[PDB]
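Right, one structure below, let's go through it.
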Amino acid sequence: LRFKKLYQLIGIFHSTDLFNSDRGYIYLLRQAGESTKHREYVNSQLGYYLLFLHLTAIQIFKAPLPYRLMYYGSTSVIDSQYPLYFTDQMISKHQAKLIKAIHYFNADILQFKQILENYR
Amino acid sequence: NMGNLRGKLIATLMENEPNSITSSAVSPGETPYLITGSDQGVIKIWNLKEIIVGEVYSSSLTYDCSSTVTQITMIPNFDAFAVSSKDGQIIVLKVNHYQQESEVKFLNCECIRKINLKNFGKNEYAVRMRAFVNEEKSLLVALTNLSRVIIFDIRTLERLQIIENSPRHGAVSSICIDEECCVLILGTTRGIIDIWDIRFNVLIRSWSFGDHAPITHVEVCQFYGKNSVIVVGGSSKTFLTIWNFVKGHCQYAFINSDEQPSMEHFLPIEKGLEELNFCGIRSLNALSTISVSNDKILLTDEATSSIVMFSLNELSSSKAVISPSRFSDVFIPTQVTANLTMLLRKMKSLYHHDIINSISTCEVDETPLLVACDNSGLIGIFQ
Amino acid sequence: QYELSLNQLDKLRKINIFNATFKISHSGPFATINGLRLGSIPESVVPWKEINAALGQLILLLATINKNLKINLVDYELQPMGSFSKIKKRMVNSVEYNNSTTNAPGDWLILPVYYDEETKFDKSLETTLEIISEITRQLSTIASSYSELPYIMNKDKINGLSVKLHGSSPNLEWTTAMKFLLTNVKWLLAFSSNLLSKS
């Protein structure tokens with residue numbers, strides 16, 4: 001219950017950490033490709049800044065995660081072999097970012113399952 | 001051989017937090033079917049490939065036993081999954097699945113046959129269960145609550161014969177079947193080893209050794225053949241004692257210690273009798289789990305709380321899958337006796353998990369990997 | 001299970017530090033923020049987008065501070081996004097032009113503190129230092145409400161170090177300046193922790 005309330009305060013910390021991400025959340029590939037142009041390429045990496053909050057959730061929960069994650073902010077290191085944010089870097093970089101998207105998605109689902117495993 | 005791989009854990013999933021799984025088994029094939037029971041009497045089934053790619057983490061299939069389950073095993077060369085429950089409920093569920101959109105999915109789980117173990121009349125709960133199917137004929141064998149060996153014919157769902165271990169041996173410390181399956185290999189809570197011939201319906205031999213403590217597990221190794229058996233138990237320091245049945249000696253004994261054991265103490269105990277008073281160990285390093293296949297023998301070490309792997313090809317190259325953060329252990333064997341060899345292990349933290357009550361080795365048809373279920377009701381996979 | 005409980009106790013002792021996320025420590029000659037290296041020396045330079053991401057994290061820290069203390073920003077407006085940090089400083093122009101009424105709404109000349117994507121980064125830096133001074137001001141007011149000047153900085157030069165980029169490449173100047181500035185920022189962060197604890 002203690003660490004839960006601390007995770008609530010950290011939740012408020014994420015709410016106060018919410019600037020670039022407000023209306024949207026973590027739950028999309030075609031959406032990324034479509035919104036890539038309309039986001040000016042700012043809100044793209046700024047949308048990839050969620051890896052910082054994810055890593056924050058990680059270190060707080062101290063629970064092992066399916067995908068290796070390191071949050072560099074704008075361009076974040078996933079497994080060290082893949083970029084978290086392509087930001088329209090290249091054509092092959094879109095494929096690397098695709099595999100990285102599948103990765104982060106899998107880690108998101110697994111983490112969501114870990115959160116669904118919560119009990120008293 | 002899967003022992004050479006790094007074996008990093010790519011998944012952590014727990015469906016039921018509340019209780020540990022009493023049994024864990026996997027249905028082999030192109031697309032492995034994961035299965036684990038529950039102490040609350042629940043049957044859970046997960047999809048290998050689905051957990052590998054999409055990483056979806058939930059029960060793909062759920063069956064309600066309504067009563068606590070004892071153990072489970074997958075019928076050889078079959079899609080049927082056999083299970084026994086401490087309510088005295090023995091049943092086998094047939095698998096139903098389909099293939100569409102270049103993938104596979106599961107349909108429904110239904111029990112093919114239902115046989116009450118409560119029909120014995122003494123109301124005994126099934127302890128351990130091992131089933132087998134020979135091209136000749138198919139059958140199953142189980143241990144009663146009083147640790148009595150009972151072999152029921154899988155065909156007629158009836159009892160073929162009933163074997164009973166001597167009360168001087170205490171209870172049954174393990175369950176194993178011979179290569180010809182005409183003989184049963186069972187350990188003793190008294191810290192004895194007993195192999196019996198079902199052919200003539202008698203007890204072939206009774207063996208003992210080491211500190212004469214309880215035997216953790218007993219099984220027939222592959223590379224060691226039917227002429228040699230692997231038994232975890234006996235002497236404290238010794239992790240696993242492998243002894244050749246006919247030879248009457250222990251060929252290879254894997255022990256955790258900084259020194260070589262005593263030759264007179266490691267010698268086979270025969271002349272000893274039932275008068276021995278049982279002496280066990282309450283230490284946390286006692287209870288563990290082990291699974292051995294394809295020349296590789298995997299053993300979960302509760303001592304340092306780490307997964308260890310001993311390759312039968314080379315105990316030298318043998319090492320631990322998952323270990324602590326600071327350093328790992330260096331292991332190497334030697335031989336004092338011409339007929340006996342001994343392996344030594346010399347010792348030199350983000351992951352958090354309880355003791356492992358169950359473990360299973362598997363292949364993804366792409367790359368090999370291992371699955372494990374702990375006492376906290378959590379499951380994980382390492383590739 | 002008990003071992004897991006003790007691990008949770010240590011995790012609680014670490015959870016007392018939960019206020020620190022973007023927090024900056026010192027590594028090598030320079031100081032890095034939340035695992036992001038800032039500043040570049042004559043030997044090993046860092047990436048531009050890395051410095052941009054670190055500055056975005058610093059601006060995110062400033063925004064988090066403004067959100068936490070709920071303090072009003074007179075001449076400043078905060079829009080951090082990813083690496084790119086938009087800081088809008090409302091100020092008067094030369095006002096020598098008689099054709100400009102300037103009686104209505106307006107905006108800052110250059111919002112962005114991000115570069116490489118005379119130097120606007122220098123102006124944003126001086127404005128950041130002034131924002132730190134005003135931060136210490138409002139914080140002094142909060143201290144007077146509840147009822148400490150280690151930082152010596154001038155708009156041109158902070159603690160003797162040059163805070164101006166001048167359109168040139170990275171050097172020891174901006175490195176030492178970033179050092180002292182990040183250290184003082186860490187001190188101000190500790191002060192923010194003390195205030196959040198006292199409120």
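In the structure tokens, the first chain shown is A, the next is B, and so on; residue numbers restart at 1 for each chain, and ligands run from 1 in the order shown.
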Would you give me, as JSON lines, each residue of chain B having an atom within 8 Å of an atom of chain A, along with its shortest atom pair and that distance in Å to one decimal, using only C-alpha atoms and sorting by chain and residue number?
{"residue": "B:9", "atom": "CA", "partner": "A:66", "partner_atom": "CA", "distance": 7.7}
{"residue": "B:10", "atom": "CA", "partner": "A:66", "partner_atom": "CA", "distance": 4.9}
{"residue": "B:11", "atom": "CA", "partner": "A:66", "partner_atom": "CA", "distance": 4.9}
{"residue": "B:12", "atom": "CA", "partner": "A:66", "partner_atom": "CA", "distance": 7.0}
{"residue": "B:13", "atom": "CA", "partner": "A:114", "partner_atom": "CA", "distance": 6.7}
{"residue": "B:14", "atom": "CA", "partner": "A:117", "partner_atom": "CA", "distance": 6.4}
{"residue": "B:15", "atom": "CA", "partner": "A:117", "partner_atom": "CA", "distance": 6.4}
{"residue": "B:16", "atom": "CA", "partner": "A:117", "partner_atom": "CA", "distance": 7.2}
{"residue": "B:17", "atom": "CA", "partner": "A:117", "partner_atom": "CA", "distance": 6.7}
{"residue": "B:53", "atom": "CA", "partner": "A:106", "partner_atom": "CA", "distance": 7.9}
{"residue": "B:54", "atom": "CA", "partner": "A:106", "partner_atom": "CA", "distance": 6.0}
{"residue": "B:55", "atom": "CA", "partner": "A:106", "partner_atom": "CA", "distance": 5.4}
{"residue": "B:56", "atom": "CA", "partner": "A:109", "partner_atom": "CA", "distance": 6.6}
{"residue": "B:57", "atom": "CA", "partner": "A:113", "partner_atom": "CA", "distance": 6.0}
{"residue": "B:58", "atom": "CA", "partner": "A:113", "partner_atom": "CA", "distance": 7.4}
{"residue": "B:350", "atom": "CA", "partner": "A:62", "partner_atom": "CA", "distance": 7.0}
{"residue": "B:351", "atom": "CA", "partner": "A:64", "partner_atom": "CA", "distance": 6.3}
{"residue": "B:352", "atom": "CA", "partner": "A:63", "partner_atom": "CA", "distance": 7.5}
File of the preceding selection, C-alpha atoms, as a PDB file, in the first residue's frame:
ATOM      1  CA  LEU B   9      14.750 -14.106 -19.785  1.00  0.00           C
ATOM      2  CA  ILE B  10      12.502 -12.496 -22.385  1.00  0.00           C
ATOM      3  CA  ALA B  11       9.189 -12.820 -20.533  1.00  0.00           C
ATOM      4  CA  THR B  12       7.549 -12.577 -17.114  1.00  0.00           C
ATOM      5  CA  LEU B  13       3.854 -13.410 -16.668  1.00  0.00           C
ATOM      6  CA  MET B  14       1.675 -14.400 -13.707  1.00  0.00           C
ATOM      7  CA  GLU B  15      -2.021 -15.184 -14.146  1.00  0.00           C
ATOM      8  CA  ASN B  16      -2.710 -16.276 -10.576  1.00  0.00           C
ATOM      9  CA  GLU B  17      -0.856 -14.422  -7.827  1.00  0.00           C
ATOM     10  CA  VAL B  53       5.753 -12.618 -30.876  1.00  0.00           C
ATOM     11  CA  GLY B  54       2.734 -10.597 -29.760  1.00  0.00           C
ATOM     12  CA  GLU B  55       3.762 -11.215 -26.149  1.00  0.00           C
ATOM     13  CA  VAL B  56       0.118 -11.422 -25.083  1.00  0.00           C
ATOM     14  CA  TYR B  57       0.099 -12.442 -21.429  1.00  0.00           C
ATOM     15  CA  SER B  58      -3.001 -14.246 -20.155  1.00  0.00           C
ATOM     16  CA  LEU B 350      17.562  -6.872 -10.322  1.00  0.00           C
ATOM     17  CA  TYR B 351      15.691 -10.147 -10.851  1.00  0.00           C
ATOM     18  CA  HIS B 352      13.298 -10.945  -8.010  1.00  0.00           C
TER      19      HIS B 352
END
For chain C against chain B, with a cut-off of 12 Å and counting only C-alpha atoms, what is the closest atom pair and its distance in Å to one decimal for every residue that makes the cut, ordered by chain and number, as a tab-separated table?
residue	atom	partner	partner_atom	distance
C:1	CA	B:354	CA	6.9
C:2	CA	B:354	CA	10.1
C:3	CA	B:354	CA	9.1
C:4	CA	B:352	CA	7.4
C:5	CA	B:352	CA	11.0
C:6	CA	B:352	CA	11.8
C:7	CA	B:352	CA	8.9
C:8	CA	B:352	CA	10.6
C:11	CA	B:350	CA	11.4
- Task: Write out as number ranges by chain which residues come within 6 Å of segment 319-322 of chain B when counting only C-alpha atoms, dropping same-chain ones fewer than 6 positions away.
- Result: B: 7, 306-309
- Sel. of strand (DSSP E) residues, segment 23-73 of chain C, as a list in words: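 The strand (DSSP E) subset of segment 23-73 of chain C is residues 24, 25, 26, 27, 30, 31, 32, 33, 36 and 37 of chain C.
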Any chance you can output those residues with N, CA, C and O atoms as a PDB file, in the first residue's frame?
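As a result, part.pdb now contains:
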ATOM      1  N   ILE C  24      20.261  15.439 -11.706  1.00  0.00           N
ATOM      2  CA  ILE C  24      21.581  15.421 -12.324  1.00  0.00           C
ATOM      3  C   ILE C  24      22.693  15.114 -11.329  1.00  0.00           C
ATOM      4  O   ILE C  24      22.732  15.667 -10.230  1.00  0.00           O
ATOM      5  N   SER C  25      23.599  14.228 -11.729  1.00  0.00           N
ATOM      6  CA  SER C  25      24.785  13.921 -10.941  1.00  0.00           C
ATOM      7  C   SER C  25      26.033  14.322 -11.719  1.00  0.00           C
ATOM      8  O   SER C  25      25.936  14.862 -12.822  1.00  0.00           O
ATOM      9  N   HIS C  26      27.201  14.060 -11.144  1.00  0.00           N
ATOM     10  CA  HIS C  26      28.462  14.409 -11.790  1.00  0.00           C
ATOM     11  C   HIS C  26      29.198  13.167 -12.275  1.00  0.00           C
ATOM     12  O   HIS C  26      29.471  12.252 -11.499  1.00  0.00           O
ATOM     13  N   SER C  27      29.517  13.139 -13.566  1.00  0.00           N
ATOM     14  CA  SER C  27      30.230  12.007 -14.145  1.00  0.00           C
ATOM     15  C   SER C  27      31.361  12.484 -15.048  1.00  0.00           C
ATOM     16  O   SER C  27      31.125  13.165 -16.046  1.00  0.00           O
ATOM     17  N   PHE C  30      32.329  16.463 -16.577  1.00  0.00           N
ATOM     18  CA  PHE C  30      31.047  17.159 -16.631  1.00  0.00           C
ATOM     19  C   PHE C  30      29.993  16.546 -15.709  1.00  0.00           C
ATOM     20  O   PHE C  30      30.258  15.590 -14.978  1.00  0.00           O
ATOM     21  N   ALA C  31      28.792  17.116 -15.756  1.00  0.00           N
ATOM     22  CA  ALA C  31      27.665  16.616 -14.981  1.00  0.00           C
ATOM     23  C   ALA C  31      26.517  16.224 -15.904  1.00  0.00           C
ATOM     24  O   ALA C  31      26.105  17.005 -16.761  1.00  0.00           O
ATOM     25  N   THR C  32      26.002  15.012 -15.722  1.00  0.00           N
ATOM     26  CA  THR C  32      24.930  14.502 -16.569  1.00  0.00           C
ATOM     27  C   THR C  32      23.593  14.515 -15.835  1.00  0.00           C
ATOM     28  O   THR C  32      23.541  14.309 -14.625  1.00  0.00           O
ATOM     29  N   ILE C  33      22.516  14.758 -16.576  1.00  0.00           N
ATOM     30  CA  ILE C  33      21.184  14.843 -15.988  1.00  0.00           C
ATOM     31  C   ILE C  33      20.321  13.639 -16.351  1.00  0.00           C
ATOM     32  O   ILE C  33      20.018  13.418 -17.524  1.00  0.00           O
ATOM     33  N   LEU C  36      21.860  11.718 -18.991  1.00  0.00           N
ATOM     34  CA  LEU C  36      22.094  12.439 -20.238  1.00  0.00           C
ATOM     35  C   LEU C  36      23.287  13.381 -20.105  1.00  0.00           C
ATOM     36  O   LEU C  36      23.245  14.348 -19.345  1.00  0.00           O
ATOM     37  N   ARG C  37      24.345  13.098 -20.859  1.00  0.00           N
ATOM     38  CA  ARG C  37      25.576  13.876 -20.779  1.00  0.00           C
ATOM     39  C   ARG C  37      25.416  15.255 -21.411  1.00  0.00           C
ATOM     40  O   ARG C  37      24.998  15.377 -22.561  1.00  0.00           O
TER      41      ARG C  37
END
Exercise: segment 5-18 of chain A partners within 8 Å, only C-alpha atoms, chain neighbours under 2 positions left out, as a PDB file with N, CA and C atoms, in the first residue's frame:
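Final output, saved to selection27.pdb:
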ATOM      1  N   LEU A   1       0.819  -1.209   0.000  1.00  0.00           N
ATOM      2  CA  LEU A   1       0.000   0.000   0.000  1.00  0.00           C
ATOM      3  C   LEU A   1       0.857   1.265   0.000  1.00  0.00           C
ATOM      4  N   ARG A   2       1.957   1.231   0.746  1.00  0.00           N
ATOM      5  CA  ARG A   2       2.899   2.349   0.801  1.00  0.00           C
ATOM      6  C   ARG A   2       3.415   2.715  -0.587  1.00  0.00           C
ATOM      7  N   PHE A   3       4.124   1.779  -1.210  1.00  0.00           N
ATOM      8  CA  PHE A   3       4.671   1.981  -2.546  1.00  0.00           C
ATOM      9  C   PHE A   3       3.577   2.250  -3.576  1.00  0.00           C
ATOM     10  N   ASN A  20       3.925  17.440 -23.532  1.00  0.00           N
ATOM     11  CA  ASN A  20       3.827  16.971 -24.906  1.00  0.00           C
ATOM     12  C   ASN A  20       2.759  15.894 -25.074  1.00  0.00           C
ATOM     13  N   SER A  21       2.490  15.156 -24.001  1.00  0.00           N
ATOM     14  CA  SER A  21       1.476  14.107 -24.033  1.00  0.00           C
ATOM     15  C   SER A  21       0.334  14.404 -23.064  1.00  0.00           C
ATOM     16  N   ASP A  22      -0.840  14.701 -23.614  1.00  0.00           N
ATOM     17  CA  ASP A  22      -2.010  15.018 -22.802  1.00  0.00           C
ATOM     18  C   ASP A  22      -3.240  14.219 -23.228  1.00  0.00           C
ATOM     19  N   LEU A  53       9.064   8.176 -18.892  1.00  0.00           N
ATOM     20  CA  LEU A  53       8.060   7.857 -17.882  1.00  0.00           C
ATOM     21  C   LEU A  53       7.941   6.349 -17.702  1.00  0.00           C
ATOM     22  N   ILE A  60      10.925   2.203 -10.547  1.00  0.00           N
ATOM     23  CA  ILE A  60      10.103   2.317  -9.348  1.00  0.00           C
ATOM     24  C   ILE A  60       9.531   0.963  -8.942  1.00  0.00           C
TER      25      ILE A  60
ATOM     26  N   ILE C  15      12.635   4.800  -2.408  1.00  0.00           N
ATOM     27  CA  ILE C  15      11.389   5.462  -2.784  1.00  0.00           C
ATOM     28  C   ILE C  15      11.241   6.800  -2.072  1.00  0.00           C
ATOM     29  N   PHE C  18      12.014   9.491  -4.498  1.00  0.00           N
ATOM     30  CA  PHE C  18      11.102   9.506  -5.646  1.00  0.00           C
ATOM     31  C   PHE C  18      10.924  10.890  -6.267  1.00  0.00           C
ATOM     32  N   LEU C  60      11.921  20.352 -18.860  1.00  0.00           N
ATOM     33  CA  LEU C  60      10.862  19.531 -18.291  1.00  0.00           C
ATOM     34  C   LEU C  60      10.916  19.602 -16.771  1.00  0.00           C
ATOM     35  N   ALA C  63       9.476  23.021 -15.930  1.00  0.00           N
ATOM     36  CA  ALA C  63       8.029  22.947 -16.087  1.00  0.00           C
ATOM     37  C   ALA C  63       7.404  22.168 -14.936  1.00  0.00           C
ATOM     38  N   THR C  64       8.093  21.119 -14.499  1.00  0.00           N
ATOM     39  CA  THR C  64       7.633  20.320 -13.371  1.00  0.00           C
ATOM     40  C   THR C  64       7.686  21.136 -12.088  1.00  0.00           C
ATOM     41  N   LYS C  67       4.842  23.594 -12.211  1.00  0.00           N
ATOM     42  CA  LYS C  67       3.593  22.876 -11.990  1.00  0.00           C
ATOM     43  C   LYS C  67       3.439  22.491 -10.522  1.00  0.00           C
ATOM     44  N   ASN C  68       4.552  22.135  -9.889  1.00  0.00           N
ATOM     45  CA  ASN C  68       4.547  21.716  -8.492  1.00  0.00           C
ATOM     46  C   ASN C  68       4.316  22.879  -7.533  1.00  0.00           C
TER      47      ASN C  68
END
- Hey, which of A:32, A:55, A:115, A:26 ends up closest to chain C? Count only C-alpha atoms.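 So, comparing all the options, the nearest one is A:55.
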- Provide the atom CA of residue 301 of chain B to atom CA of residue 317 of chain B distance in Å, to one decimal place. 17.7 Å
- Find the residues of chain C in contact range of chain A, meaning any atom within 12 Å when counting only C-alpha atoms, and list them as a ChimeraX atom specification. /C:4-5,7-22,32-37,47-70,78-86,112,114,117
- Quote the spacing between atom CA of residue 188 of chain B and atom CA of residue 377 of chain B in Å to one decimal place. 28.4 Å
- Selected residue of minimal separation from residue 180 of chain C among C:196, C:158, C:104, C:139, counting only C-alpha atoms: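 Among the listed residues, the smallest separation from residue 180 of chain C belongs to C:158.
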